[PDB]
Protein chains: 2
Amino acid sequence: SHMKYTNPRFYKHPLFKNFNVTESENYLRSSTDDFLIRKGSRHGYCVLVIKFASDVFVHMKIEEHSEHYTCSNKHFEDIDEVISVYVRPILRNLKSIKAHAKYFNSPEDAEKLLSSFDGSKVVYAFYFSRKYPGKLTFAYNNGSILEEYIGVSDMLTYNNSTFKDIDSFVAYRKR
Amino acid sequence: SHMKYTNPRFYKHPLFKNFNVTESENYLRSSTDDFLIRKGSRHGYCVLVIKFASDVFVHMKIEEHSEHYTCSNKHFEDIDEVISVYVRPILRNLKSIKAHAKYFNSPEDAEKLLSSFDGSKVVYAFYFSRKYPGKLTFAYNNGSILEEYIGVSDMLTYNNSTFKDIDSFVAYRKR
Ligand SMILES: [Cl-]
Ligand SMILES: [Cl-]
């Protein structure tokens, strides 16, 4: 935006925390909280921080305009609407992902399974990307270990395609 | 919105036509043009009208706010951005759809094919919905003629799932 004479309205919001990047991630590392909204380094916006895992954080710019907000190219009546329409279904998604039989917490620890490969079947694992916070890595071994990125929003997104959960993704990916 | 003292900015836009619903569809029926933006019946917005077929028109509210516009829950810097980001890929989609081997122009005329059913295979056809302008009807005969709606945006959307074209949709739907 450009600067206004009044405090940004999101300052008054209960989810708004006066944190920078490190403080947000710190606070989230040791909180039960899954997300917060922090201050942006320049005027006009705050930033939604969602903890994907202990060391995976997603920071999304939320812009404040005269009545509405915008977040990820979508438009929202208020911050509460960002949370219900946008954040909760992400969390619902993250919950399923980490419940999955085939989800692991580290690449390093999804390592064991990928190495157990006989030649009998494709071995595959899932773990969140640290190189691209917000991506789920689909890793598989068919002879060589390959990797693919899946987007994590309210759905799982893979190239053109879109999935409610890992299961349906798996179904599509094989056949 | 509520009323302002200045003309809505979209009046100045070259794609804006001072038409109501009938005039828009009329004009589109007999134009080579695929879409236009028309006046809304109340303040604060114009309406994108896309011709899907001779008697299928999709009307989408485009709201004008102080600098940005909104259309289908998405946010746009200007009307031009609505067109490139939103309308052209719809048109690219519509083009493919009507190119498809399995697309027909009327339900009535996708009737022949659905009746040719032997028992040898599932017979299926595609045609745009008139009951829900903006939907593509996927019709199939496996014993009885069933129907399903696919959304037409930049992608084809079917329940949870999303497709670039009919072909990949077909692939998914069978197996
Ligand atoms: Cl707005
Ligand atoms: Cl805006």
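- Method information in the entry identifies X-ray crystallography as the source of the structure, with 2.20 Å recorded as the resolution.

- Per the PDB entry, chain A carries the name SPT6 and comes from Antonospora locustae.
- This entry appears in the Protein Data Bank under the title "Structure of the tandem SH2 domains from Antonospora locustae transcription elongation factor Spt6".

### A word on the sheet that holds strand β11 (residues 161-163) of chain B
All names here are of chain B.
Alright, step 1. Ordered in space as β7-β8-β9-β10-β11, the five strands form an open sheet in which the pairing is antiparallel. In this open sheet, the two edge strands, each paired with only one partner strand, are β7 (123-128) and β11. Neighbouring strand axes in the sheet, compared pairwise and without regard to direction, differ in orientation by 30 degrees on average.
Alright, step 2. Inspection of the sheet shows strand β9 (residues 145-152) paired to strand β10 (residues 156-158) by two bridges, in the antiparallel sense.

### Focus on the state of the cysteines
Two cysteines joined by a covalent bond between their sulfur atoms form a disulfide.
Alright, step 1. Under the criterion given, the structure shown has zero disulfides over all chains.
Alright, step 2. The structure places no disulfide on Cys71(A), whose sulfur is separated from the nearest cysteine sulfur, that of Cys46(A), by 8.5 Å.

### A short note on a negative patch on the surface
Residues and elements named next belong to chain A.
Alright, step 1. Taken together, the side chains of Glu67, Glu77, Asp78 and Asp80 make up a negatively charged region of the molecular surface.
Alright, step 2. Along the chain, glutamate 77 falls in the loop between β6 (74-76) and α2 (79-99).
Alright, step 3. When its relative accessible area of 47% is taken as the criterion, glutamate 77 is described as partly exposed.

### Observations concerning the pairing of strand β4 (residues 56-64) of chain A
Residues and elements named next belong to chain A.
Alright, step 1. One ladder, built from eight bridges, connects strand β3 (residues 45-53) with β4; its direction is antiparallel. Residue pairing in the sheet places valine 49 in a bridge with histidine 59 of β4.
Alright, step 2. Bridging between β4 and strand β5 (residues 69-71) involves three bridges; their strand directions are antiparallel. Opposite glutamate 64, over in β5, you have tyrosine 69 as the bridge partner.
Alright, step 3. Here β4 hands over to β5 after four residues, the two strands then running antiparallel side by side.

### Details of the pattern of salt bridges
All names here are of chain A.
Alright, step 1. Throughout the structure, instances matching the rule amount to six salt bridges over all chains.
Alright, step 2. A salt bridge links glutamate 25 to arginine 29, with the shortest nitrogen-to-oxygen separation between them at 3.5 Å. Taken together, the residues span about one helical turn, with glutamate 25 and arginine 29 both in helix α1 (residues 21-29) at a distance of four residues.
Alright, step 3. A relative accessible area of 47% means that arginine 29 is categorised as partly exposed.
Alright, step 4. Across the pair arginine 130 and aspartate 55 runs a salt bridge, and its minimum N-O distance is 3.2 Å. Of this pair, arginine 130 sits in the loop between β7 (123-128) and β8 (135-141) while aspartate 55 sits in the loop between β3 and β4, placing them 75 residues apart in sequence.
Alright, step 5. On the basis of relative accessibility, which here comes to 48%, the residue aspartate 55 falls in the partly exposed class.

### A word on the environment of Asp165(A)
All names here are of chain A.
Alright, step 1. Its location among the elements puts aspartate 165 in the loop between β11 (161-163) and α4 (166-174).
Alright, step 2. Given the relative accessible area of 25%, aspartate 165 is considered partly exposed.
Alright, step 3. C-alpha of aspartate 165 to C-alpha of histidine 100: the two residues are 65 residues apart in sequence and 9.0 Å apart in space.

### Some remarks on the interface of chain A and chain B
Alright, step 1. Between chain A and chain B, the contact holds 13 residues from the first and 13 residues from the second.
Alright, step 2. Buried area between chain A and chain B, both sides added, is near 1100 Å², and the carbon and sulfur share of it is 54%.
Alright, step 3. One can count zero salt bridges joining chain A with chain B.
Alright, step 4. Between chain A and chain B we count two residue pairs in polar contact in total.
Alright, step 5. For the side of chain A that touches chain B, the secondary-structure elements that each account for two or more residues are β6 and β11 of chain A.
Alright, step 6. Residues belonging to the side of chain A that touches chain B are distributed by class as follows: one nonpolar, nine polar and three charged.

### Quick word on the environment of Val47(B)
All names here are of chain B.
Alright, step 1. Here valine 47 is to be found in strand β3 (residues 45-53).
Alright, step 2. When the C-alpha positions of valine 47 and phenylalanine 16 are compared, they lie 9.1 Å apart, and in sequence the two are 31 residues distant.
Alright, step 3. Setting aside residues up to four positions removed in sequence, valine 47 forms contacts with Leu36, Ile37, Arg38, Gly40, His59, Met60, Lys61 and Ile62.

### Examining the sheet that holds strand β9 (residues 145-152) of chain A
Residues and elements named next belong to chain A.
Alright, step 1. Ordered in space as β7-β8-β9-β10-β11, the five strands form an open sheet in which the pairing is antiparallel. Where the open sheet ends on each side, the last strands, each with one partner, are β7 and β11. Each strand axis lies, on average, 30 degrees off the axis of its neighbour in the sheet, ignoring direction.

Reading the values: the criteria
Residues numbered from 1 in each chain as written, not as in the entry; some residues may be left out. Chains lettered and ligands numbered in written order. Heavy atoms only, no water. Pairing = 2+ DSSP bridges. Helix = DSSP H or I, 4+ residues; strand = E, 2+ residues; numbered from the N terminus. Axes fitted to C-alpha atoms, helices over the stretch in contact; angles between N-to-C directions. Disulfide = S-S within 2.5 Å. Patch = residues over 30% accessible without salt bridge, like charges linked within 9 Å, V, L, I, M, F, W, Y side chains within 5 Å. Areas by Shrake-Rupley, 256 points an atom, 1.4 Å probe, with all protein chains shown as cover. Salt bridge = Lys/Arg side-chain N within 4 Å of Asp/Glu carboxyl O. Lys, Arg positive; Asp, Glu negative; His and termini not counted. Charge placed at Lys NZ, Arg CZ, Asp CG, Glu CD. Buried < 20%, exposed > 50% of the residue type's maximum accessible area, 1.4 Å probe, protein only. Contact = heavy atoms within 4.5 Å. Buried area = accessible area lost by both parts, 1.4 Å probe. Polar contact = N/O pair within 3.5 Å; in protein donor to acceptor, adjacent residues only side chain to side chain. Nonpolar A, V, L, I, M, F, W, Y, C, P; charged D, E, K, R; others polar.

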